[PDB]
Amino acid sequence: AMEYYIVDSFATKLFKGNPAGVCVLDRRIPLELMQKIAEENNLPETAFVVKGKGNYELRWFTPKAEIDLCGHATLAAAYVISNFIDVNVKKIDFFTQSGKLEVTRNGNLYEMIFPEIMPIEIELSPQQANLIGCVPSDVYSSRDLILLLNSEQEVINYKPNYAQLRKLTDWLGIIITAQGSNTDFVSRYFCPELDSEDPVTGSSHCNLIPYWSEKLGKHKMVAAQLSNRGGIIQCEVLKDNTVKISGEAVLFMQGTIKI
């Protein structure tokens, strides 16, 4: 009865990027049923789109809980809307727990506008320096901890110790970043409480874009997220202290949930 899609966000090819389930509903279903569906899919997130008169309500669930924001699964939901629901629509508005989110389709690229957040350089305490599991060139701070490494090779070589990273309670996630070989810059994002590496992270680019824009002297850049799956992020510094984050999406599976 409900249309269901598995989509790879920020992916140039199948099995890359950040995978999400996307469930498109004609009518409301209980939040407890959305949670059971997300647990059954066992994908990092299942997005639920309620198509109503004049608007889309969007919720996201991990296999364990409802969450209030998810940029990468929002890109997957916009891909589903413009490819199957309102074929070739350019502007997709979603009403969520965190307010209205807009996604713009530009060719086959999905664009999201986020606040520009230049991080601040900090000095780690001797104890914090022993928890990061590397010797960075510089350390920056925002919602996440940003570790500047000396090369793309050092970013690739890093092996997270989640037990140690969980002790860095001042930050949500741990970012490692460096200049890229094939791209302007690269990064990897670690989720210590989830014991996992995020395949592709849009919101880290709120910090990474102003930081690399200043270092490289560029307003338009390409970034790679060097996770196992890997992601490509189109980056642009906009006028009013905002940044544009864009990515491609790929369809893995199209079906129906029998409820």
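Residue indices: 1-based, along the sequence shown.
As listed in the deposited structure, the average C-alpha B-factor of 220 to 228 and of 52 to 60 is greater for 52 to 60. The stretch 126 to 134 shows the higher mean C-alpha B-factor when 126 to 134 is compared against 148 to 156 in the entry. Of the candidates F114, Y162, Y79, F94, it is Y162 whose Cα B-factor is highest according to the PDB record. The entry lists C-alpha B-factors for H72, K167, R105, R188, and the highest of these is at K167. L238: CA B factor lies in the highest third for its chain, per the PDB record. Placement of the Cα temperature factor of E66 within the chain: lowest third of the modelled residues, per the deposited record.
Ranked against the other modelled residues of its chain, the C-alpha B-factor of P30 as given in the entry falls in the middle third.
Ranked against the other modelled residues of its chain, the C-alpha B-factor of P192 as given in the entry falls in the highest third. Ranked by C-alpha B-factor against the other modelled residues of its chain, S246 falls in the middle third.
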